[PDB]
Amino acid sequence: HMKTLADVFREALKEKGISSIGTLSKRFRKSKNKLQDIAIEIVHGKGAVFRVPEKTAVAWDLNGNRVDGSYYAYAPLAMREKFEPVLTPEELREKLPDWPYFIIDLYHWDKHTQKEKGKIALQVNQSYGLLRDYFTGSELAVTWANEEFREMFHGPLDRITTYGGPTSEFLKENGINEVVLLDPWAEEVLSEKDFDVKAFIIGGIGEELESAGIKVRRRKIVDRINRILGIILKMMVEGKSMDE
């Protein structure tokens, strides 16, 4: 039921009458979802879709299938002054739906060993990788972000949401008064009825939030932060039951 970035990008292209798109930067070789990867570059301001004077050597239709070349192609903004812009970073941003935040809370960080800190940092990087395959990647939010985590984290800090303060203040800054807290000892299993909530806390407390005025839905999954997230995204986006 929930749209992906590629769905939003496809519908934006279809709305403008564009049936296939090529690329001028060779940075998309070995790509599972071409439209998702193109949309990611655009939504982060790296380039746009342009009309080009000559047909590309190859293109992909709106289903991602390789077709003959197109008169429309992605290019970086470093090649902007030449061609007609057709789908800009600004146009695509305005069509994004209000996707939920996925929060990794880093209070308790200084309580882990150095090996466990490394495992956490890797899992947060893998969680960003998942979210940039479905949404923009900016839905990943790390609260209580410290410099040690930033040194250990090897992903793009400019694309994930990082917050120096507590989870409750991050939520209040963003007008979120109700969250799902992934808890393995919760009595209620996560279900489709929980997918209207605007934030999911997937890593890292519940009492802390509730004393701060946040409604907390304790929900369990039937482990690694990125595994948890991947299960949630398959439920929300692909409509799959938890058995997947």
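Start at 1 with the first residue shown and count on from there.
According to the entry, the stretch of the deposited sequence that connects residue 204 to residue 205 contains 10 or more residues lacking coordinates, which leaves a long gap in the model. Going from residue 222 to residue 223, you skip over 4 to 9 residues of the deposited sequence that the entry leaves unmodelled. Taking only CA atoms, the mean B-factor in the PDB entry is higher for 154-162 than for the other of 132-140 and 154-162. In this entry, 28-36 shows the higher mean Cα temperature factor of the pair 42-50 and 28-36.
Per the PDB record, residue ranking by Cα B-factor puts residue 200 in the lowest third of the chain. When the CA B factors of the chain's modelled residues are split into thirds, the value for residue 186 lands in the middle one. The entry lists a Cα temperature factor for residue 6 that places it in the lowest third of the chain's modelled residues. Residue 55: CA B factor in the highest third of modelled residues in this chain (values from the PDB entry). The deposited CA B-factor of residue 90 belongs to the highest third of values across its chain.
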